[PDB]
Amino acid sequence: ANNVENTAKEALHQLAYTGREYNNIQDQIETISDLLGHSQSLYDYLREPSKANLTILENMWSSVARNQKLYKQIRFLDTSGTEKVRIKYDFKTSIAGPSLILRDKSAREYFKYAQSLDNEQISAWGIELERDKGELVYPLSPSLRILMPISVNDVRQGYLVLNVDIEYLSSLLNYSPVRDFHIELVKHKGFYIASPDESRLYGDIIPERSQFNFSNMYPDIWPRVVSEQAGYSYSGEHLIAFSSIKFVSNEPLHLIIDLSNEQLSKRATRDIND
């Protein structure tokens, strides 16, 4: 009536809801990585890299990939950063299998970061677009790479790497049918990682899109996004509700619900909009 104050409150409830969902995803990720990092089939492959042991290991990772769905790759890299084992998974089809396409990944920052981790420490590099030989993969694939150095008798043997597939995950989590909000994902430095609007994505990397930065678009609301854990602002052309979460990597990840005046107007609505 009264609609801005009440939409805001709805949107904050949705952000709390969704942050709890990413929290749970994070927990699953830690569990899977830890089981994979300690499996006998991995240790067998490390001791004796036979075609047979490799097959057992790939078969396990493919099963896990089909079961869990959020990993578009699962890899073992050696101490030099060269891929030794590689499973790819495609969520549209549900197909998982091995690849013989194996690259030197040592120039990548996520590898350089993985090296700094303790043996068996599970962490992640910020969300970043996938690449092949330094070239962007298309369609564009933002990924959160789970990194775990693997040791035998406390000697480091390589790195387990899981590419969690941020497009898939935002599709799964960021639209809420009942409350009908589209949550967008905004990086620690203001660029878009996920949105129903594909054109605003990845301004830090695609040069034509450098102007799609929350601080540029909202240059007075941005400081609150950075500082506060959650709040909202009404401009009043847009209602913006925001929150931050830690999603595996140490970088804050911002959750944004951004509604035009026109979208705020429709929200005198009914449950036949199911």
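Residue numbers run from 1 along the displayed sequence.
The stretch 170-178 shows the higher mean C-alpha B-factor when 170-178 is compared against 148-156 in the entry. Here the stretch with the larger average CA B-factor, out of 9-17 and 259-267, is 259-267. Placement of the Cα temperature factor of residue 81 within the chain: lowest third of the modelled residues, per the deposited record. Annotation for residue 204: C-alpha temperature factor in the highest third relative to the rest of the modelled chain, per the entry. In this PDB entry, the Cα temperature factor of residue 138 sits in the middle third of its chain's modelled residues.
In this PDB entry, the Cα temperature factor of residue 60 sits in the middle third of its chain's modelled residues. In the PDB entry, residue 45 places in the lowest third of its chain by CA B-factor.
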